[PDB]
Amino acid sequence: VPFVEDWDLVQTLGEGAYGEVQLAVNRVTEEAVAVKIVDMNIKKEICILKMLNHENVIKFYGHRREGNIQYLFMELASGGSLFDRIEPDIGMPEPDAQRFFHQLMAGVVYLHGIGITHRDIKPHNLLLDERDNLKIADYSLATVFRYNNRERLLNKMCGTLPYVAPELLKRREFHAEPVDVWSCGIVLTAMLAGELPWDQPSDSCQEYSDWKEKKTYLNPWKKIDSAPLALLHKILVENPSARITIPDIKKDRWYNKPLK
């Protein structure tokens, strides 16, 4: 079994493009963490990770270089991902969706407030701790959009097509924050309907045209109660300057609705 200084690498938690994530257990102390193994722009990622200090963001513990392999030591989320709590075609109980949405907003407000954009919010990147607390994970596409109190526009296209905002397909440069707000709306849809609304938010996508023409008698919208659906009408707005901001999400009727 492989090992790094005092830690054993006991099991795989993620095996993707950007290396593997392992469960690491300190042989002496029994402390369990997560370790990302990169087989060597990760200087950027580490710099962003060291900024992160919030209950709804995965904490960074530190790193070790050993030849051409870096080890990123991060808070373990033993509960798996939001992806695993979504029943296909069903979603999850509205009160659980609302609580996860509250936590996702707390995390995103935090990141925006230190001028960080995640750029790939989706259920695989939203991990759960042992008490089902949501943690925003995977900062490999994250970037700075505000420095010295000056906003910079993004122009790199990235993320995951079903989750990306339409401006990212249509504009040369765009604001970072409304792109993360949009992806949070697609996550809320997935939680309440167990179904993604469209392959991509382009005029060539029939399901996306249906939404802009307000055909909410179709799936996934006909599975969603009128209150959360009124919030999705304010989030999934094609013009990013008319899209609801997080301050205004926090004033929404469903957002503030007491639930089971």
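Residue numbers here begin at 1 and follow the sequence given.
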Would you mind checking whether any residues of the deposited sequence sit unmodelled between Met40 and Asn41, and how many (none, 1 to 3, 4 to 9, 10 or more)?
-> 4 to 9
Output the stretch having the higher mean C-alpha B factor in the entry; the candidates are 217 to 225 and 66 to 74.
-> 66 to 74
The stretch whose C-alpha atoms carry the larger average B-factor in the entry, 7 to 15 or 239 to 247, is 7 to 15
From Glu130, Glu177, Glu94, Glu167, residue of greatest CA B-factor = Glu130
Out of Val57, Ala230, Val33, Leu196, which residue has the highest Cα temperature factor in the PDB record?
-> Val33
Grab the CA temperature factor for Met191 from the record and place it in the lowest, middle or highest third of its chain.
-> lowest
Once the chain's modelled residues are ordered by C-alpha B factor and cut into thirds, is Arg253 in the lowest, middle or highest one?
-> middle
Can you work out whether the C-alpha temperature factor of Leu153 puts it in the lowest, middle or highest third of the chain?
-> middle
